[PDB]
Structure formats: C-alpha cells, structure tokens
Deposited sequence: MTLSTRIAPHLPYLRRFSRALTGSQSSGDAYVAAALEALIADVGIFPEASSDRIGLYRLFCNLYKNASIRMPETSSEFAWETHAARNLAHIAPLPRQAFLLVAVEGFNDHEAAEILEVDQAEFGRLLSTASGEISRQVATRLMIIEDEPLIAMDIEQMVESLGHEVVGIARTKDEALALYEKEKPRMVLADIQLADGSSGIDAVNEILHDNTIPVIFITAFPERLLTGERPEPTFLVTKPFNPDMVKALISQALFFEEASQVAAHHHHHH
C-alpha cells in the first residue's frame, strides 16, 4: 500500500483533533487540507514514526508548530486515544516533559467555569453517565431531552449556556437538525455525541466542531467541554471588546 492509502483511514480523526484544537469546523478542516496538499506535493516531508497515524499527527503538529501545547497534549491522550509515549512522539518532546505538559493541562482542563447545560440523549444510561461527569466538573444539568420537541421546549424554558446532543433520537429524527433550530436565535457551544464519528469527519460539508464518540472515555467528554468553554470565553471576550 502507498502513503495515500496508508494515511487516508486516519484523516477523519485528524480533522476531529484539528477542530478541537482550533474551535471551528472551517479552521479545523482547512489545516488538515493544507497538510494533506503539502504531503501530496512532496512525500518526503512525511516524518519517520512508529506508525502511519503517529506520523500523520506529527506532520500536522509540526506544520501547526491553535490552542496551547498542554491542551494539545491532553487532547491527544483524552480525545485521540494515544498513550503518553505516542503523544510525546507526536509532539516531539521527551516522555518526562510530556508528563509535566499533561499535569499543567489536567489542572486547566479540570478547572472549568460552572455552566448550565442541556443533554439531548434518549438512552437513559448514556444520559446519566454524561450528567454524572458534567456534575463532577461543577456544571449544572438543566434537564435531559429525549426528542426534538422536548429539546426545543427545554431550551426555551431553561435557556442553557451549552448543549451536549446525541446525533439520533428516540424517533428517527436528527439531533443535528434539532440543535440547528436553537443555533438560529442564539449561538451557543454544542458537543455532539455519536456512535459513528467518521460519518461527520469528512470535511466535505457542514459538520460538528466537537464530537464525542459513544461509548466514551469520560475524559474525552471532560476534554471537549473544556475546549468548548475555552473558545466560548475567547469568542465572548473578543465580541464585547469594543464596548
């Protein structure tokens, strides 16, 4: 198999990482597309790594030099599924320096501004596991919506600051379409939940910025909430800066 076919299976997850790192689907996808066009132009730039996946993420991180280095470290382990040694190789740091980078991250990521959030999830055990993780971080669950109709009603009554939404509901209907109705009147951070993340990581049409895989490591949820609030704060500061 050639480099194109060696790396092609790893592109969806690299977009997930890129979007979590930049805070938008447009910047996330564009940084992946740029690294991909750089590789096609000169195959020799591909780093020599332990695996094709590590080499792809290493090339991305070297081209990218965007959230800070401890946030990159935590994302690689908590969201991306790399062990500490693979992530240190991706970041081009010694295992010892990565451990300190991860501690600086763990402190930042574990300290989140208390937020009121709505959960759109029909599976009771999944709904409770998200609730328990969110509460452990100091957040407040305003309620759990199981359908699109309950979600719009819960959004109007409680006005949550953030939404954690499953892709498919009790009814065949889309959780994305349900969320898109809220996003019109008010722009709030949203973290999507799906059993099939690759379907939403093509970079070929409008897709989620933040994507949790179900079932999830609770650290994946913790990390993505932290990023969403990190960019929400930067966005709010910049939007009211001239006032």
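Where does the structure fail to cover the deposited sequence at the C-alpha level?
Seq positions lacking coordinates: 66-90, 269-270.
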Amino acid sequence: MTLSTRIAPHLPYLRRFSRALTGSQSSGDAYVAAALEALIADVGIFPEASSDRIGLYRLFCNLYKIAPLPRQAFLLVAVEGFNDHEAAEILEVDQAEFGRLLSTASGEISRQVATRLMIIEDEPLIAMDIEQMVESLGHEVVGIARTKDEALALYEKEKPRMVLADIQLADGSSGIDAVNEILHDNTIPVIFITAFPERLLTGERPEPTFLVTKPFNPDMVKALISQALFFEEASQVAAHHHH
From here on, numbers count along this sequence of modelled residues.
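Highest mean C-alpha temperature factor of the two stretches 34-42 and 188-196, which is it?
Stretch with the higher mean C-alpha B-factor: 34-42.
Would 130-138 or 86-94 have the larger average of its C-alpha temperature factors, as given in the entry?
Higher of the two, by average CA B-factor, is 86-94.
Highest Cα B-factor in the PDB entry belongs to which of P206, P218, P215, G175?
Within the set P206, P218, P215, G175, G175 shows the top C-alpha B-factor.
Given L101, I120, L117, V77, identify the residue with the highest C-alpha B factor in the PDB entry.
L101 has the highest C-alpha B-factor of those listed.
Among the chain's modelled residues, which third holds the C-alpha B-factor of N180?
For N180, whose C-alpha B-factor we compare with every modelled residue in the chain, the answer is the highest third.
Cα B factor band for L211 (lowest, middle or highest third within the chain):
It belongs to the lowest third of the chain when residues are ordered by C-alpha B-factor.
Which third of the chain does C61 land in by C-alpha B-factor: lowest, middle or highest?
As the PDB entry reports it, the C-alpha B-factor of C61 lands in the middle third of its chain.
Quick check on the deposited entry: does the C-alpha B-factor of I54 sit in the lowest, middle or highest third of its chain?
Middle third - that is where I54 ends up once the chain's C-alpha B-factors are sorted.
Report the third (lowest, middle or highest) to which the CA temperature factor of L125 belongs, ranking only the modelled residues of the same chain.
Middle third - that is where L125 ends up once the chain's C-alpha B-factors are sorted.
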